[PDB]
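Peer 1: Handing over data26.pdb, PDB, C-alpha atoms.
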```
ATOM      1  CA  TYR A   1      20.129 -21.654 -13.990  1.00  0.00           C
ATOM      2  CA  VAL A   2      16.355 -21.099 -13.772  1.00  0.00           C
ATOM      3  CA  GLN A   3      16.103 -23.023 -10.488  1.00  0.00           C
ATOM      4  CA  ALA A   4      19.153 -21.284  -8.996  1.00  0.00           C
ATOM      5  CA  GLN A   5      17.824 -17.866 -10.056  1.00  0.00           C
ATOM      6  CA  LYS A   6      14.430 -18.645  -8.491  1.00  0.00           C
ATOM      7  CA  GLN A   7      16.154 -19.777  -5.277  1.00  0.00           C
ATOM      8  CA  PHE A   8      18.181 -16.540  -5.256  1.00  0.00           C
ATOM      9  CA  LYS A   9      14.964 -14.532  -5.717  1.00  0.00           C
ATOM     10  CA  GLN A  10      13.326 -16.384  -2.810  1.00  0.00           C
ATOM     11  CA  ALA A  11      16.429 -15.741  -0.682  1.00  0.00           C
ATOM     12  CA  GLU A  12      16.271 -12.033  -1.576  1.00  0.00           C
ATOM     13  CA  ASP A  13      12.568 -11.857  -0.686  1.00  0.00           C
ATOM     14  CA  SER A  14      13.197 -13.662   2.615  1.00  0.00           C
ATOM     15  CA  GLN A  15      16.114 -11.440   3.713  1.00  0.00           C
ATOM     16  CA  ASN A  16      17.091  -8.329   1.745  1.00  0.00           C
ATOM     17  CA  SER A  17      20.404  -7.982   3.628  1.00  0.00           C
ATOM     18  CA  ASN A  18      21.849 -11.068   1.871  1.00  0.00           C
ATOM     19  CA  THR A  19      24.061  -9.265  -0.644  1.00  0.00           C
ATOM     20  CA  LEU A  20      25.555 -12.598  -1.764  1.00  0.00           C
ATOM     21  CA  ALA A  21      22.098 -13.815  -2.835  1.00  0.00           C
ATOM     22  CA  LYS A  22      21.557 -10.731  -5.019  1.00  0.00           C
ATOM     23  CA  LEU A  23      25.033 -11.043  -6.564  1.00  0.00           C
ATOM     24  CA  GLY A  24      24.346 -14.716  -7.291  1.00  0.00           C
ATOM     25  CA  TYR A  25      21.018 -13.662  -8.815  1.00  0.00           C
ATOM     26  CA  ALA A  26      22.916 -11.289 -11.118  1.00  0.00           C
ATOM     27  CA  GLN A  27      25.363 -14.100 -11.941  1.00  0.00           C
ATOM     28  CA  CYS A  28      22.426 -16.366 -12.835  1.00  0.00           C
ATOM     29  CA  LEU A  29      21.041 -13.590 -15.053  1.00  0.00           C
ATOM     30  CA  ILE A  30      24.432 -13.547 -16.802  1.00  0.00           C
ATOM     31  CA  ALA A  31      24.248 -17.359 -17.044  1.00  0.00           C
ATOM     32  CA  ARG A  32      20.904 -17.181 -18.888  1.00  0.00           C
ATOM     33  CA  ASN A  33      22.511 -14.603 -21.274  1.00  0.00           C
ATOM     34  CA  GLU A  34      20.165 -11.878 -19.927  1.00  0.00           C
ATOM     35  CA  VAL A  35      22.751  -9.108 -20.239  1.00  0.00           C
ATOM     36  CA  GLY A  36      20.264  -6.229 -20.227  1.00  0.00           C
ATOM     37  CA  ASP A  37      18.220  -7.547 -17.295  1.00  0.00           C
ATOM     38  CA  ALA A  38      21.398  -8.133 -15.271  1.00  0.00           C
ATOM     39  CA  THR A  39      22.597  -4.606 -16.112  1.00  0.00           C
ATOM     40  CA  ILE A  40      19.281  -3.044 -15.024  1.00  0.00           C
ATOM     41  CA  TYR A  41      19.250  -5.122 -11.816  1.00  0.00           C
ATOM     42  CA  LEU A  42      22.859  -4.149 -11.037  1.00  0.00           C
ATOM     43  CA  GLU A  43      22.135  -0.448 -11.645  1.00  0.00           C
ATOM     44  CA  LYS A  44      19.083  -0.651  -9.360  1.00  0.00           C
ATOM     45  CA  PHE A  45      21.120  -2.386  -6.639  1.00  0.00           C
ATOM     46  CA  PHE A  46      23.969   0.136  -6.931  1.00  0.00           C
ATOM     47  CA  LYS A  47      21.631   3.145  -6.782  1.00  0.00           C
ATOM     48  CA  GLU A  48      19.846   1.670  -3.754  1.00  0.00           C
ATOM     49  CA  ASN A  49      23.149   0.692  -2.068  1.00  0.00           C
ATOM     50  CA  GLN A  50      25.671   3.371  -3.094  1.00  0.00           C
ATOM     51  CA  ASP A  51      27.456   3.021   0.275  1.00  0.00           C
ATOM     52  CA  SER A  52      27.861  -0.768   0.017  1.00  0.00           C
ATOM     53  CA  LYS A  53      31.447  -1.962  -0.449  1.00  0.00           C
ATOM     54  CA  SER A  54      30.713  -4.717  -2.968  1.00  0.00           C
ATOM     55  CA  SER A  55      33.998  -4.720  -4.896  1.00  0.00           C
ATOM     56  CA  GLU A  56      33.055  -7.634  -7.178  1.00  0.00           C
ATOM     57  CA  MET A  57      29.785  -5.898  -8.097  1.00  0.00           C
ATOM     58  CA  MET A  58      31.737  -2.814  -9.201  1.00  0.00           C
ATOM     59  CA  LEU A  59      34.218  -4.987 -11.130  1.00  0.00           C
ATOM     60  CA  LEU A  60      31.316  -6.702 -12.919  1.00  0.00           C
ATOM     61  CA  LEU A  61      29.744  -3.297 -13.641  1.00  0.00           C
ATOM     62  CA  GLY A  62      33.030  -2.075 -15.119  1.00  0.00           C
ATOM     63  CA  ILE A  63      33.338  -5.164 -17.330  1.00  0.00           C
ATOM     64  CA  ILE A  64      29.698  -4.844 -18.476  1.00  0.00           C
ATOM     65  CA  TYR A  65      30.101  -1.124 -19.225  1.00  0.00           C
ATOM     66  CA  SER A  66      33.311  -1.821 -21.161  1.00  0.00           C
ATOM     67  CA  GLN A  67      31.362  -4.379 -23.210  1.00  0.00           C
ATOM     68  CA  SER A  68      28.677  -1.728 -23.763  1.00  0.00           C
ATOM     69  CA  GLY A  69      31.327   0.908 -24.503  1.00  0.00           C
ATOM     70  CA  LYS A  70      29.184   4.044 -24.220  1.00  0.00           C
ATOM     71  CA  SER A  71      29.330   3.948 -20.385  1.00  0.00           C
ATOM     72  CA  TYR A  72      33.147   3.946 -20.237  1.00  0.00           C
ATOM     73  CA  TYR A  73      33.297   6.672 -17.565  1.00  0.00           C
ATOM     74  CA  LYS A  74      31.143   4.626 -15.170  1.00  0.00           C
ATOM     75  CA  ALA A  75      33.468   1.687 -15.881  1.00  0.00           C
ATOM     76  CA  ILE A  76      36.478   3.860 -14.967  1.00  0.00           C
ATOM     77  CA  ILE A  77      34.802   4.958 -11.715  1.00  0.00           C
TER      78      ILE A  77
ATOM     79  CA  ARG B   1      55.825  43.689 -64.899  1.00  0.00           C
ATOM     80  CA  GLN B   2      59.545  42.885 -64.656  1.00  0.00           C
ATOM     81  CA  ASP B   3      60.025  42.163 -60.946  1.00  0.00           C
ATOM     82  CA  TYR B   4      61.160  39.388 -58.601  1.00  0.00           C
ATOM     83  CA  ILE B   5      60.296  35.862 -59.753  1.00  0.00           C
ATOM     84  CA  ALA B   6      58.594  33.738 -57.089  1.00  0.00           C
ATOM     85  CA  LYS B   7      55.930  31.023 -57.148  1.00  0.00           C
ATOM     86  CA  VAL B   8      53.191  30.553 -54.543  1.00  0.00           C
ATOM     87  CA  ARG B   9      51.757  27.038 -54.180  1.00  0.00           C
ATOM     88  CA  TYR B  10      49.944  26.003 -51.004  1.00  0.00           C
ATOM     89  CA  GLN B  11      50.869  22.516 -49.777  1.00  0.00           C
ATOM     90  CA  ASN B  12      47.861  20.449 -48.674  1.00  0.00           C
ATOM     91  CA  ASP B  13      48.983  17.064 -49.983  1.00  0.00           C
ATOM     92  CA  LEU B  14      47.567  14.129 -48.051  1.00  0.00           C
ATOM     93  CA  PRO B  15      50.252  11.888 -46.512  1.00  0.00           C
ATOM     94  CA  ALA B  16      50.599   8.198 -47.241  1.00  0.00           C
ATOM     95  CA  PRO B  17      48.731   5.792 -44.904  1.00  0.00           C
ATOM     96  CA  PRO B  18      50.812   5.034 -41.799  1.00  0.00           C
ATOM     97  CA  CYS B  19      49.695   1.411 -41.320  1.00  0.00           C
ATOM     98  CA  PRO B  20      50.620   1.232 -37.607  1.00  0.00           C
ATOM     99  CA  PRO B  21      51.182  -2.066 -35.766  1.00  0.00           C
ATOM    100  CA  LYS B  22      47.892  -3.647 -34.741  1.00  0.00           C
ATOM    101  CA  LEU B  23      46.938  -4.162 -31.104  1.00  0.00           C
ATOM    102  CA  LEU B  24      46.121  -7.682 -29.933  1.00  0.00           C
ATOM    103  CA  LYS B  25      42.795  -8.151 -28.175  1.00  0.00           C
ATOM    104  CA  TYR B  26      42.906  -9.601 -24.669  1.00  0.00           C
ATOM    105  CA  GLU B  27      41.339 -12.917 -23.728  1.00  0.00           C
ATOM    106  CA  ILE B  28      38.711 -10.883 -21.838  1.00  0.00           C
ATOM    107  CA  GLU B  29      37.896  -9.023 -25.068  1.00  0.00           C
ATOM    108  CA  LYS B  30      36.130 -12.124 -26.459  1.00  0.00           C
ATOM    109  CA  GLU B  31      32.578 -13.044 -25.460  1.00  0.00           C
ATOM    110  CA  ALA B  32      33.123 -16.728 -24.594  1.00  0.00           C
ATOM    111  CA  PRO B  33      36.048 -16.172 -22.137  1.00  0.00           C
ATOM    112  CA  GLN B  34      33.965 -13.366 -20.592  1.00  0.00           C
ATOM    113  CA  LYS B  35      31.102 -15.834 -20.120  1.00  0.00           C
ATOM    114  CA  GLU B  36      33.497 -18.367 -18.580  1.00  0.00           C
ATOM    115  CA  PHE B  37      35.073 -15.774 -16.257  1.00  0.00           C
ATOM    116  CA  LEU B  38      31.892 -14.070 -15.010  1.00  0.00           C
ATOM    117  CA  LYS B  39      30.102 -17.388 -14.347  1.00  0.00           C
ATOM    118  CA  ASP B  40      32.941 -18.526 -12.037  1.00  0.00           C
ATOM    119  CA  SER B  41      31.891 -20.037  -8.710  1.00  0.00           C
TER     120      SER B  41
END
```
Written as structure tokens, that's how I'd like the structure from this file.

Peer 2:
Amino acid sequence: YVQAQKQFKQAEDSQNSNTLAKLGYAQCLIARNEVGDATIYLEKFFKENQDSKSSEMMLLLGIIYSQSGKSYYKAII
Amino acid sequence: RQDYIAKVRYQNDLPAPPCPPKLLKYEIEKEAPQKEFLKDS
């Protein structure tokens, strides 16, 4: 998980257009049980890329917000 | 005062507990299946 997350970070630094690398980075953050860091990273990516049609990212955001509970409206959206 | 006999008693009695049927949590409502599902390749 640490090595895969580092490789995803290097891929992101090499080419920022690789959305799959950033989503895998978020998945690796989930793998290391870093729920809060993954949530902050996902919020940053969504606010920077509001026009991106990353359906799985929005599904993961909805699941995370449902787990949090207080952000239920964002989960609905 | 010899007049009409009538009693006034406000009714604010609390009802009995309803005990409704309990919902069953989904598989995705537990942390370990969530971890298995999100970490899918």

Peer 1: Find the distance between atom CA of residue A:52 and atom CA of residue A:10 and write it in Å to one decimal.

Peer 2: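 Rounded to one decimal, the two atoms are 21.5 Å apart.
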
Peer 1: For this structure, which residues satisfy the selection - the PyMOL selection byres ((chain B) within 10 of (chain A)) - when it is evaluated on the file as given? I want them as a list in words.

Peer 2: residues 28, 29, 30, 31, 34, 35, 36, 38, 39, 40 and 41 of chain B

Peer 1: Keeping only C-alpha atoms, write those residues as a PDB file, in the coordinates of the input.

Peer 2:
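As a result, part_32.pdb now contains:
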```
ATOM      1  CA  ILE B  28      38.711 -10.883 -21.838  1.00  0.00           C
ATOM      2  CA  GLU B  29      37.896  -9.023 -25.068  1.00  0.00           C
ATOM      3  CA  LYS B  30      36.130 -12.124 -26.459  1.00  0.00           C
ATOM      4  CA  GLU B  31      32.578 -13.044 -25.460  1.00  0.00           C
ATOM      5  CA  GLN B  34      33.965 -13.366 -20.592  1.00  0.00           C
ATOM      6  CA  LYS B  35      31.102 -15.834 -20.120  1.00  0.00           C
ATOM      7  CA  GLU B  36      33.497 -18.367 -18.580  1.00  0.00           C
ATOM      8  CA  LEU B  38      31.892 -14.070 -15.010  1.00  0.00           C
ATOM      9  CA  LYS B  39      30.102 -17.388 -14.347  1.00  0.00           C
ATOM     10  CA  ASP B  40      32.941 -18.526 -12.037  1.00  0.00           C
ATOM     11  CA  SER B  41      31.891 -20.037  -8.710  1.00  0.00           C
TER      12      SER B  41
END
```

Peer 1: Could you tell me how far atom CA of residue A:25 lies from atom CA of residue A:1, in Å and to one decimal?

Peer 2: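 So the answer is 9.6 Å.
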
Peer 1: Within 12 Å of residue A:58, counting only C-alpha atoms, which residues show up once you throw out same-chain ones fewer than 6 positions away? Write them as a ChimeraX atom specification, please.

Peer 2: /A:23,39,42-43,45-47,49-52,64-65,74-77

Peer 1: Work out how far apart atom CA of residue B:37 and atom CA of residue A:61 are and give it in Å to one decimal.

Peer 2: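 Value for the atom CA of residue B:37-atom CA of residue A:61 distance: 13.8 Å.
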
Peer 1: Box for stretch 12-27 of chain A: with edges along x, y and z, all listed atoms inside and 4 Å added on each side, what are the centre and edge lengths in Å to one decimal, as lines of an AutoDock Vina configuration file?

Peer 2:
```
center_x = 19.1
center_y = -11.3
center_z = -4.1
size_x = 21.0
size_y = 14.7
size_z = 23.7
```

Peer 1: Excluding residue A:22 and any residue of its chain fewer than 3 positions from it, enumerate the residues within 8 Å of it, using all atoms listed in the file, and give them as a JSON list (two decimals) with C-alpha atoms, in the coordinates of the input.

Peer 2:
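Everything below was put into selection31.json:
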```
[["chain", "number", "residue", "atom", "x", "y", "z"],
["A", 8, "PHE", "CA", 18.18, -16.54, -5.26],
["A", 9, "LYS", "CA", 14.96, -14.53, -5.72],
["A", 12, "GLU", "CA", 16.27, -12.03, -1.58],
["A", 18, "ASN", "CA", 21.85, -11.07, 1.87],
["A", 19, "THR", "CA", 24.06, -9.26, -0.64],
["A", 25, "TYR", "CA", 21.02, -13.66, -8.82],
["A", 26, "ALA", "CA", 22.92, -11.29, -11.12]]
```
